[PDB]
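These numbers come from the heavy atoms of this one structure, side chains and all, not from hydrogens, waters or symmetry mates. All residue numbers in this chain count up from 1 along the given sequence.
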Amino acid sequence: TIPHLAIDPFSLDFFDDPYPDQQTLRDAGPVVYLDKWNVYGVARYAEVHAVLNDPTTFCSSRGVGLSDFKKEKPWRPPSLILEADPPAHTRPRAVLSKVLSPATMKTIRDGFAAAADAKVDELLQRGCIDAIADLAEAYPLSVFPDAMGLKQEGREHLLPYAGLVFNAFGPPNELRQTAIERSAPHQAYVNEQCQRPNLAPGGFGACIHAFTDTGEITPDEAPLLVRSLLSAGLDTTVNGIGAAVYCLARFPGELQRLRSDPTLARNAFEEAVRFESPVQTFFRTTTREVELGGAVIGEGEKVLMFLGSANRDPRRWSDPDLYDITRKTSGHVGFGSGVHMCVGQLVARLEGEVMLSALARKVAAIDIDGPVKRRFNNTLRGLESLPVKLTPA
Ligand code: HEM
Ligand SMILES: O=C(O)c1ccc(-n2ccnc2)cc1
Ligand SMILES: [Cl-]
């Protein structure tokens with residue numbers, strides 16, 4: 001009764017243009033079986049949301065990539081937060097939620113905004129720039145390593161390490177194999193910066209280590225939670241900001257609306273997260289036989305959630321393939337949903353907001369003026385190169 005499809009959602013052709021295949025996945029049924037990788041798939045909003053919100057049945061501790069940690073050794077020691085289930089998940093999550101809290105956002109917002117304004121001013125002096133290297137990468141690199149408390153030396157490891165982490169959630173294709181082949185120097189740098197003496201006072205890493213005397217985490221858990229932020233906290237924002245700039249470049253009417261009301265910056269970023277869904281996919285593993293969308297899935301089965309597809313599902317969204325900066329975006333799953341819903345989302349939204357505010361106040365037009373090149377990753381969707389001309393306001 002479950003339809004079987006040969007679509008490979010980790011193939012370069014799929015990454016190059018996922019939208020037709022995502023409609024095929026949605027319209028085939030609420031639950032599909034992907035014969036290429038022997039996993040179940042859910043691509044509609046309803047089933048993605050249901051799976052996210054039943055962590056008991058659809059667990060994370062057997063891994064949120066294709067690999068099942070009950071069958072294979074994880075490529076690195078499991079994350080204490082992303083790859084943990086309640087109750088072990090709960091207190092590390094609470095620590096990261098306090099480290100990346102509103103009060104923290106209040107302490108960093110002015111500096112993050114000043115850096116965003118400064119970057120757009122610098123880019124306007126050049127006029128023609130690459131909105132990936134020169135903006136989507138450069139701006140997070142200018143604020144997030146410092147906010148972590150990292151030293152200057154070795155920061156060139158951070159984007160390659162993150163690319164490895166996000167490729168490693170994928171199946172054992174060439175993208176994953178090559179990433180792991182090149183991993184040893186990046187893992188070495190990252191594991192070393194996770195130690196308490198290497199994290200500057202007041203930054204996110206030091207604050208994690210400071211929580212090790214409350215009973216929520218022990219000192220030996222703090223380095224792995226720092227590792228979580230060094231895995232996730234930079235490349236996600238690169239692709240979120242890149243998505244927002246790409247949306248504004250393709251939809252100039254929405255850039256004009258944003259210029260006319262810069263307080264739409266935060267929602268324009270949120271809509272870009274829905275529209276592009278930089279984090280495309282995550283897996284769960286069933287802990288029992290379960291009925292989902294009328295289908296019966298056995299115990300110990302991997303279930304692939306298409307977050308980007310759920311965010312384009314016309315069963316949930318009006319005009320899903322339109323970028324609309326005043327859309328009611330609440331409920332999109334681009335940050336997940338439920339107990340694992342992105343604990344760094346306030347950092348992501350802060351960066352995206354202040355960059356889009358800088359653009360709204362300083363830029364009159366964003367025109368693609370060179371070849372667009374896509375970046376291929378088993379989990380992240382985004383561009384390698386986005387040549388644009390920025391016209392000043
Ligand atoms: C636009 C940017 C981002 C997007 C689209 C995004 C997406 C997501 C998603 C979909 C999840 C859910 C994972 C799951 O259900 O298995 C998640 C969780 C998480 N994110 Fe983000 N993220 C972003 C930025 C960040 C940032 C900036 C940080 C850190 C500063 C961060 C740290 C985390 C962590 C630690 C988790 C695990 C939370 C848990 O398992 O309880 N993320 N993110
Ligand atoms: O704990 C980890 O190692 C880890 C945690 C979170 C992500 N992630 C994905 C999207 N936002 C964050 C990636 C890795
Ligand atoms: Cl590592």
A.B. asks: Rounded to the nearest 0.5 Å, how far does CD1 of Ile208 lie from OG of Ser228?
C.D. replies: 8.0 Å

A.B. asks: I'd like to know if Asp321 and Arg312 make a salt bridge, using a cut-off of under 4.0 Å between side-chain N and carboxylate O.
C.D. replies: yes

A.B. asks: To the nearest 0.5 Å, how far apart are CZ in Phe306 and OG in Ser277?
C.D. replies: 12.5 Å

A.B. asks: Looking at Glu384 and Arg375, is any side-chain nitrogen of the basic one under 4.0 Å from a carboxylate oxygen of the acidic one?
C.D. replies: yes

A.B. asks: Checking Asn173 side chain against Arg176 main chain: does a donor-acceptor pair fall under 3.5 Å?
C.D. replies: yes

A.B. asks: Please list, one pair per line, the donor and acceptor atoms closer than 3.5 Å that link side chains of residues 241-250 to other protein atoms, with sequence neighbours excluded.
C.D. replies:
unit_1: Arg250; atom_1: NE; unit_2: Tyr246; atom_2: O; d: 3.0
unit_1: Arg250; atom_1: NH1; unit_2: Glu276; atom_2: OE2; d: 3.4
unit_1: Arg250; atom_1: NH2; unit_2: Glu276; atom_2: OE2; d: 2.7

A.B. asks: Using side chain to side chain contact (heavy atoms under 4.5 Å, CB included) as the criterion, point out the one residue from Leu390, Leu124, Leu386, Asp369 that pairs with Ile129.
C.D. replies: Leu390

A.B. asks: Looking at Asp117 and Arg361, is any side-chain nitrogen of the basic one under 4.0 Å from a carboxylate oxygen of the acidic one?
C.D. replies: yes

A.B. asks: Checking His340 side chain against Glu83 main chain: does a donor-acceptor pair fall under 3.5 Å?
C.D. replies: no

A.B. asks: Would you say the side chains of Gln23 and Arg26 form a donor-acceptor pair under 3.5 Å?
C.D. replies: no

A.B. asks: On the six-membered ring of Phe15, is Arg381 placed so that its NZ or CZ lies under 6.0 angstrom from the centre and within 45° of the ring axis?
C.D. replies: no

A.B. asks: Does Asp27 pair with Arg315 as a salt bridge, N-O distance under 4.0 Å?
C.D. replies: yes

A.B. asks: Looking at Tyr45, does the NZ or CZ of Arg316 lie under 6.0 angstrom from its six-membered ring centre and within 45 degrees of the ring axis?
C.D. replies: yes

A.B. asks: Between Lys36 and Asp8, is the closest basic N to carboxylate O distance under 4.0 Å?
C.D. replies: yes

A.B. asks: Does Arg327 qualify as a cation-pi partner of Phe275, given the criterion of NZ or CZ under 6.0 Å from the six-membered ring centre and within 45 degrees of its axis?
C.D. replies: no

A.B. asks: How many angstroms lie between atom CZ of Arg62 and atom CG of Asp68, to the nearest 0.5 angstrom?
C.D. replies: 4.0 Å

A.B. asks: Strictly distance-based, threshold 3.5 Å: is any side-chain N or O of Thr212 a donor or acceptor partner for the main-chain N or O of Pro219?
C.D. replies: no

A.B. asks: Measure the CG-CZ distance between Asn378 and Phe166 for me, rounded to the nearest 0.5 Å.
C.D. replies: 12.0 Å

A.B. asks: Hydrophobic cluster membership, with links at side-chain heavy-atom distances under 4.5 Å among I/L/V/M/F/W/Y: are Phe283 and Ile2 in one?
C.D. replies: no

A.B. asks: To the nearest 0.5 angstrom, please state how far the NZ atom of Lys302 sits from the CG atom of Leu66.
C.D. replies: 6.5 Å

